[PDB]
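This document opens with one chain alone, in structure tokens, the form deposited in one PDB entry.
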């Protein structure tokens, strides 16, 4: 349906929604790159109990997912969908959007990430006992950072991660299909206009994001078996809803 200028307003409106629902400002993230944790502070984290590290990380993932819900709310056409599809889209997209957004807090020169006020490497999360998933998270961020995303690019790409008509459970599939197409056009027009079409082939493939989510849910089903009471008492209720309601409350707000 959409025309040009109408499709150009969408680019501006999708970048605004993303700028707003940013957990950390990109400018403040590049400012703290020099604040690397000491070998002692690193050792502190490595010596934490597995369940205390897991609940510290679960709380951080929940906080990040809560910004993605807010982003989805301000996303043009998203709140114009039915509530079933809104939950379908978030319950698949939210984690993958977080996995994309996290590249802004990864420094590729020292292979570190901003965590709890300072930058630290893979070794910081050793207490989690899922080195393979940590490796995959850092390697994904490494490849995404190599694209040298702009704030507009990272905004349109994440809205496309979120709006996928190939999600099982969509009641109004054709409505989502129309929005996914308008957002695809908007993304391609910005890449065209800014002479950045090159990144399309360089972008991550279909199952790269999908494999991280499966690795995460496999590794949680493993922890949750060893410490089921830790999950019930010390894990956030939104984390448990998405990976083991809250979404209805956050949506109508």
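Positions refer to the first chain, counted from 1.
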Between residue 244 and residue 245, how many residues of the deposited sequence have no coordinates in this entry: none, 1 to 3, 4 to 9, or 10 or more?
10 or more
Out of 56-64 and 35-43, which stretch has the higher average CA B-factor listed in the record?
35-43
Do the CA atoms of 183-191 or those of 25-33 have the higher mean B-factor in the entry?
25-33
Between 163, 154, 97, 79, which one tops the list for Cα B-factor in this entry?
79
Third of the chain, ranked by Cα B-factor, where residue 69 sits:
lowest
Going by the entry, which third of its chain does the Cα temperature factor of residue 147 land in?
highest
Select lowest, middle or highest to describe the third in which the CA B-factor of residue 130 falls within its chain in this entry.
middle
The third of the chain into which the C-alpha temperature factor of residue 91 falls is the lowest
Residue 203 by Cα B-factor - lowest, middle or highest third of the modelled chain:
lowest
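Heads up, the form deposited with a small molecule bound isn't pictured, but that's what we're talking about next.
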Is the small molecule in the bound PDB entry near all of 165, 178 and 183, within 4.5 Å of a heavy atom of each?
no
Looking at 75, 155, 95, 161 here, can you tell me which has any non-hydrogen atom within 4.5 angstroms of the small molecule in the bound PDB entry?
95
Taking 4.5 angstroms as the cut-off for heavy atoms, does residue 234 touch the small molecule in the bound PDB entry?
yes
Are any of the heavy atoms in residue 221 no more than 4.5 Å from a heavy atom of the small molecule in the bound PDB entry?
yes
At the 4.5 Å heavy atom threshold, is residue 43 in contact with the small molecule in the bound PDB entry?
no
For residue 90, is any heavy atom within 4.5 Å of the small molecule in the bound PDB entry, or not?
yes
